[PDB]
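Peer 1: Pasting a structure below so you can have a look.
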Amino acid sequence: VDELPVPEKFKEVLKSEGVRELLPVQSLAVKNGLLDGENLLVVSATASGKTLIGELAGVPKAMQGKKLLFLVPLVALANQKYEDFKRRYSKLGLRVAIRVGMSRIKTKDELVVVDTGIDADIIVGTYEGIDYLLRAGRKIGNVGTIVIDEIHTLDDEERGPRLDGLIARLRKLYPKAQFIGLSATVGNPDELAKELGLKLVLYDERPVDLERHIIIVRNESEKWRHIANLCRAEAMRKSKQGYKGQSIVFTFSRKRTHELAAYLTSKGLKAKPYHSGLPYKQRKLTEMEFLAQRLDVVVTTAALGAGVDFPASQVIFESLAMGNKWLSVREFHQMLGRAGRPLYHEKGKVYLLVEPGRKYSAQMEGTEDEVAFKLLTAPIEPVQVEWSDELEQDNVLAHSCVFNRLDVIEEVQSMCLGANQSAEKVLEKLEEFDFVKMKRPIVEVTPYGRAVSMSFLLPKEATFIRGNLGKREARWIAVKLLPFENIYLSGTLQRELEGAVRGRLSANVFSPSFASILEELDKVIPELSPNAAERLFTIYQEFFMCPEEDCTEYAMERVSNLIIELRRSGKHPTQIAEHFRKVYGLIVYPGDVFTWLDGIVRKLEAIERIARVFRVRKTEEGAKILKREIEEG
């Protein structure tokens, strides 16, 4: 530490936090010129404390006022990091604040987005919540260092392209700044690091080299018996001190986390589930409970993004799918990245359970065995960034909302790596719609284009709202744009229908495995228990008594409107999902419900912006009224 050219009050704040020497990833990053101001790219597996690297580049600069910016994909990742860094460093004189696409709904189980001030010298934020501000043309100013954690989210083909465009814009904004790209391990560090102008820091080693074991089962029930036995046995382990052992299970769906968790509770094990769609109250309650040697088994999916600080002595994979898609090698590896490091004492253990020839669906490509060999012996895939036409268009429109001049826009577009086309192309394309207008060689960002880009909306969505202004209510519009999708079947009903159709059934309600049942009332119906058939027909009534032969969108919208009518009456997501279970036996998630109402309010703010642009006052005052009626209930 003392041999590092950084301020000494900084060093004392650090060493009052328990730090002695550089981790190998960070010794390497340092000796790659970190402290001189070089732009660097660290690729090292998670659970190697990648996060820290960012601070190393920006705090000294921010110590003289050269503000530091940190960006993360997730939200609770943003909160965990924001709280950490404020609490560590405001003891120096550094105003620390966080910016997101701020929360809008108001209930008792969620987070208020405090401290969104720009003149604060330390600035944390999400990706969309910041791209929203730059698409509004707002400047930050004194930012000397720019850091991007968990950046490999670029390969993900939804957030990746907006991230590429945002990064090209930010390279245009603050070029003197020291750029740091943090990532878990990925497949193509050499060439990709070349495509950015960043000195590469590879760290493929596992900070904790795991010990890997397998089991085989001939069916699911022996599989779960072995799971119970493995978790009981790992629960009997000790360090030199009086100890126990704690275990994690990566299953494939959330309903499965619940099933497995209550099963192992029935085997006396202290076991519980964990995923997003859970009320934040008991979710972080259970994070805390497992931390303190209270729980034994945690049943989850790969929905364990970063920010979830979770130590286990042993990991178990009941399955290798997420939905009906086999895991990726990087996904599986990051699932192991919560094995090994999490065991404080022993070198972590891994157990995967395999049914031979088992395809948990029919569209999977390879049976569980083939996928198992795939995941274990492959290296990690290369990140894939391909800009679909409209992602390219929206990134171009964001360029316009930030920058005004066609030379600047063309430069930033050439700096894009998913760039398949130019900027003048897309700029004439939007001049057609009057989102921007071309007075060569300058591009004027019209208020229409400004609002639509600020709302992160697709061109198709923008033109749909443009067409159906006034002719439709605000509720109808924002529901058509974003209906609800994450509702599933009660276990009783799903298994009665797996056994009643002689074919494989999807757990969700919007699957063709469900429509086949629906078109066969007089045939599938006369096979059930009284209660099961009762709820089935009640559901067919409320959502599929459809004047059209296809009933999918009718079901989706009826669900969304029911959710709305519950929220305005004064109800909480808890009471909403609880009622759904009570009346129909339908699985709906309060985390999902709150997130979807929040997104619906965002869409209502967008429609409000559009109606406000054109003097459309019906939808303006209706969207204001409904926005508040849903925010406060």
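The chains in the structure tokens are called A, B, ... from first to last as shown; in each chain the residues are counted from 1, and the ligands are counted from 1 in the order shown.
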Can you pull out every residue from range 477-565 of chain A that DSSP, working from the backbone, puts in helix (DSSP H, G or I), and format the result as a VMD selection string?

Peer 2: chain A and resid 477 to 481 491 to 500 512 to 518 521 to 524 530 to 544 552 to 565

Peer 1: Using DSSP on the backbone coordinates, identify the residues of range 343-527 of chain A assigned to strand (DSSP E or B); present them as a compact mmCIF listing (two decimals) with N, CA, C and O atoms, in the first residue's frame.

Peer 2:
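Output file result21.txt follows:
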# COMPACT_ATOMS: atom_id res chain seq x y z
N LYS A 349 -17.07 -27.27 -2.88
CA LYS A 349 -17.52 -28.50 -3.50
C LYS A 349 -18.75 -28.25 -4.35
O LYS A 349 -19.59 -27.40 -4.04
N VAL A 350 -18.83 -29.00 -5.44
CA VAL A 350 -19.88 -28.84 -6.43
C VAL A 350 -20.45 -30.21 -6.75
O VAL A 350 -19.70 -31.19 -6.84
N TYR A 351 -21.78 -30.29 -6.85
CA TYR A 351 -22.46 -31.55 -7.17
C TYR A 351 -23.56 -31.23 -8.16
O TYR A 351 -24.41 -30.38 -7.90
N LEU A 352 -23.56 -31.93 -9.30
CA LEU A 352 -24.56 -31.77 -10.34
C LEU A 352 -25.31 -33.07 -10.53
O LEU A 352 -24.69 -34.14 -10.58
N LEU A 353 -26.63 -33.00 -10.64
CA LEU A 353 -27.45 -34.20 -10.70
C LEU A 353 -28.05 -34.35 -12.09
O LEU A 353 -28.64 -33.40 -12.63
N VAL A 354 -27.87 -35.55 -12.67
CA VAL A 354 -28.06 -35.83 -14.09
C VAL A 354 -29.01 -37.00 -14.28
O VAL A 354 -28.73 -38.11 -13.80
N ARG A 405 -24.24 17.96 -33.99
CA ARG A 405 -23.53 18.17 -35.24
C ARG A 405 -23.26 16.85 -35.94
O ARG A 405 -22.81 15.90 -35.31
N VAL A 436 -35.87 13.97 -35.84
CA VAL A 436 -34.82 14.97 -36.03
C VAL A 436 -34.96 15.51 -37.44
O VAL A 436 -35.63 14.92 -38.29
N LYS A 437 -34.33 16.65 -37.68
CA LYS A 437 -34.38 17.26 -39.00
C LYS A 437 -32.98 17.66 -39.44
O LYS A 437 -32.17 18.12 -38.63
N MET A 438 -32.71 17.47 -40.72
CA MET A 438 -31.36 17.58 -41.27
C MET A 438 -31.21 18.90 -42.02
O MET A 438 -31.86 19.13 -43.04
N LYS A 439 -30.36 19.78 -41.48
CA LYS A 439 -29.92 20.99 -42.16
C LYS A 439 -28.40 20.84 -42.29
O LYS A 439 -27.64 21.35 -41.45
N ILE A 442 -25.70 19.79 -39.97
CA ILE A 442 -26.14 19.79 -38.58
C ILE A 442 -27.49 19.08 -38.48
O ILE A 442 -28.30 19.10 -39.42
N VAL A 443 -27.70 18.40 -37.35
CA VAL A 443 -28.95 17.68 -37.09
C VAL A 443 -29.64 18.33 -35.90
O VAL A 443 -29.11 18.33 -34.78
N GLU A 444 -30.85 18.84 -36.14
CA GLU A 444 -31.65 19.47 -35.11
C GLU A 444 -32.53 18.42 -34.47
O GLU A 444 -33.27 17.71 -35.16
N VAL A 445 -32.47 18.33 -33.14
CA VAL A 445 -33.24 17.35 -32.40
C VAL A 445 -34.59 17.99 -32.07
O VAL A 445 -34.69 18.84 -31.18
N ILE A 487 -47.14 -14.91 -14.94
CA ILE A 487 -48.15 -15.61 -14.15
C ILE A 487 -48.19 -17.06 -14.63
O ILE A 487 -48.18 -17.33 -15.83
N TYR A 488 -48.28 -17.98 -13.68
CA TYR A 488 -48.12 -19.39 -13.96
C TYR A 488 -49.21 -20.19 -13.26
O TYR A 488 -50.10 -19.63 -12.60
N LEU A 489 -49.13 -21.51 -13.39
CA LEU A 489 -50.16 -22.42 -12.90
C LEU A 489 -49.82 -22.96 -11.52
O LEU A 489 -48.66 -23.17 -11.17
N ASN A 508 -46.25 -22.11 -17.70
CA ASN A 508 -46.90 -20.83 -17.91
C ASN A 508 -48.23 -21.02 -18.62
O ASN A 508 -48.55 -22.09 -19.15

Peer 1: By how many Å are CA of residue 204 in chain A and CA of residue 170 in chain A apart?

Peer 2: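 Separation of CA of residue 204 in chain A and CA of residue 170 in chain A: 28.9 Å.
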
Peer 1: For residue 3 in chain A, work out the shell of residues within 12 Å, counting only C-alpha atoms and skipping chain neighbours fewer than 4 positions away, then give it as a ChimeraX atom specification.

Peer 2: /A:7-8,11,20-22,27,30-31,35

Peer 1: For a quick check of understanding, using only C-alpha atoms, which of A:562, A:372, A:427, A:616 has the smallest distance to residue 404 in chain A?

Peer 2: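 Using only C-alpha atoms, the shortest distance to residue 404 in chain A belongs to A:427.
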
Peer 1: If we count only C-alpha atoms and set the cut-off at 10 Å, which residues sit around residue 119 in chain A, ignoring sequence neighbours fewer than 2 positions away in its own chain? Please answer as a PDB file with C-alpha atoms, in the first residue's frame.

Peer 2:
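The resulting file, result_14.pdb, is shown below:
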ATOM      1  CA  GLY A  65     -12.939  17.483  -7.375  1.00  0.00           C
ATOM      2  CA  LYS A  67     -15.795  13.598 -10.081  1.00  0.00           C
ATOM      3  CA  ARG A  95     -20.427  13.933  -1.583  1.00  0.00           C
ATOM      4  CA  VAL A  96     -21.625  10.509  -2.798  1.00  0.00           C
ATOM      5  CA  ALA A  97     -24.932  10.189  -4.654  1.00  0.00           C
ATOM      6  CA  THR A 116     -29.717  12.344  -6.973  1.00  0.00           C
ATOM      7  CA  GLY A 117     -27.598  15.534  -7.016  1.00  0.00           C
ATOM      8  CA  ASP A 121     -18.249  14.549  -6.197  1.00  0.00           C
ATOM      9  CA  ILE A 122     -18.985  10.788  -6.347  1.00  0.00           C
ATOM     10  CA  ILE A 123     -21.685   9.540  -8.709  1.00  0.00           C
ATOM     11  CA  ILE A 140     -22.468  16.102 -15.502  1.00  0.00           C
ATOM     12  CA  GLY A 141     -19.304  18.195 -15.762  1.00  0.00           C
ATOM     13  CA  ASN A 142     -16.249  17.522 -13.616  1.00  0.00           C
TER      14      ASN A 142
END

Peer 1: Write out as a list in words each polymer residue whose atoms come within 9 Å of range 563-570 of chain A, counting only C-alpha atoms; drop sequence neighbours fewer than 5 positions from it.

Peer 2: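 Once the adjacent positions are removed, what remains is residues 475, 484, 558, 575, 576, 593, 597, 626, 629, 630, 631, 632 and 633 of chain A.
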
Peer 1: List the spatial neighbours of range 233-240 of chain A as a PyMOL selection string - criterion: any atom at most 12 Å away, only C-alpha atoms, same-chain residues fewer than 5 positions off excluded.

Peer 2: chain A and resi 226-228+245-248+268-271+293-297+312-316+343-351

Peer 1: Separation of CA of residue 151 in chain A and CA of residue 56 in chain A, in Å?

Peer 2: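 We find that CA of residue 151 in chain A and CA of residue 56 in chain A lie 17.5 Å from each other.
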
Peer 1: Find the residues around residue 33 in chain A up to 9 Å (only C-alpha atoms counted), leave out those fewer than 6 positions away in its own chain, and share them as a list in words.

Peer 2: residues 39, 40 and 199 of chain A

Peer 1: With only C-alpha atoms as the atoms that count, which of A:623, A:412, A:505, A:525 lies nearest to residue 473 in chain A?

Peer 2: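 Counting only C-alpha atoms, the residue closest to residue 473 in chain A is A:623.
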
Peer 1: Record the distance separating CA of residue 401 in chain A and CA of residue 604 in chain A, expressed in Å with one decimal.

Peer 2: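 Going from CA of residue 401 in chain A over to CA of residue 604 in chain A, I get 21.1 Å.
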
Peer 1: Range 265-347 of chain A near range 377-389 of chain A within 9 Å: what's each residue's closest atom pair and its distance in Å to one decimal, counting only C-alpha atoms, ordered by chain then ascending residue number, as a Markdown table?

Peer 2:
| residue | atom | partner | partner_atom | distance |
| --- | --- | --- | --- | --- |
| A:328 | CA | A:381 | CA | 8.3 |
| A:329 | CA | A:380 | CA | 5.7 |
| A:330 | CA | A:380 | CA | 5.4 |
| A:333 | CA | A:380 | CA | 8.3 |

Peer 1: What would the file look like if the residues just selected were written as a compact mmCIF listing (two decimals), in the first residue's frame with C-alpha atoms?

Peer 2:
# COMPACT_ATOMS: atom_id res chain seq x y z
CA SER A 328 -24.50 -20.93 -21.05
CA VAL A 329 -20.93 -21.78 -20.10
CA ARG A 330 -20.42 -18.24 -18.74
CA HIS A 333 -19.28 -20.51 -14.50
